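Only one chain is included here, represented as structure tokens and corresponding to the form deposited in one PDB entry.
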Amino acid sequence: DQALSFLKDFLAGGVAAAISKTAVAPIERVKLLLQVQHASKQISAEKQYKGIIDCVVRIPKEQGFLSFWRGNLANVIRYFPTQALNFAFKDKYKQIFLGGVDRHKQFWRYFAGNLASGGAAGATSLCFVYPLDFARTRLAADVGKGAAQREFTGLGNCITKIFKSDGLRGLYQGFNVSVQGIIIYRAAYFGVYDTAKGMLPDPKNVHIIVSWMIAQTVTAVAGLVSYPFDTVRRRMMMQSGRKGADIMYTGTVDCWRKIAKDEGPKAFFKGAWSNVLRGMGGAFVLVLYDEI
């Protein structure tokens, strides 16, 4: 019950999360650039990154090797407020949406309860940490080659600059679709894993390896299914700071339509492969980390 033990666990978790996310930040930046460069003010269509390889080879000489971690501070910080918030809300939402439900005799009522609980805890946390996700994205998208060409010079600068021009709404652009995404993601994750645990994995006796790959596969699939929601989310974040006729999307719905009509249905998955890689590498660093 030691408050000390709890603090130690809390910090250790924050350290682990900070290491894995920092580790895959380069590939995450590529994912973000490909996903949002269409809505960038600095990237002309001619200078757009042609892909992962074209992207990884260009940013070092274009903006400096260190720029691979541009916007990563938000990544190492988010964990703390996020987990602090879960400590006060997470279990309460579970009790609220799942209390009294028999998991075995009421599959769907349980399923829905699970989604509402995850969705409620996620939206609640985001009410506080979303600006961090916002800045992580806007900084990642910034391709300035030096302090003078930087659209934002850092986490604090991004948040303050946007706040001054758009107020709070600017820092929360894309909030709603992100929550929809959280629910779709959770629905796909549990839906797949559920169907999975049935076929091929009897009382999990298989090697740790296959047991890991399977967990990664469920994550990748859940990430793909909800990816479109992530793309309009980030594209909306790119609107903050813009004014008048400069605004590409007037709302989430307008965003969905615009992307579909101006870029094509496949465009919703720009960066999706990079995202799959990012997720895998992230999980691989944690195991690599826990073993040291």
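Sequential numbering from 1, following the sequence displayed.
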>> Comparing average C-alpha B factors as deposited, tell me which of 230 to 238 and 258 to 266 sits higher.
In response: 258 to 266
> Averaging C-alpha B-factors over each stretch, which comes out higher, 55 to 63 or 22 to 30?
Replying inline: 55 to 63
> Can you tell me which of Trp212, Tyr93, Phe128, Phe175 has the highest Cα temperature factor in the record?
Replying inline: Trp212
> Going by the entry, which of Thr137, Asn75, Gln149, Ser117 has the most elevated CA B factor?
Replying inline: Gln149
> With respect to C-alpha B-factor, does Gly113 fall in the lowest, middle or highest third of the chain as deposited?
Replying inline: middle
> By the record's CA B-factor, is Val36 among the lowest, middle or highest third of residues in the chain?
Replying inline: lowest
> Can you tell me which third, lowest, middle or highest, the CA B-factor of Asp142 falls into for its chain?
Replying inline: middle
> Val225's Cα B-factor: lowest, middle or highest third of the chain?
Replying inline: lowest
>> Going by the CA temperature factor in the PDB record, which third of the chain does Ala17 belong to: lowest, middle or highest?
In response: lowest
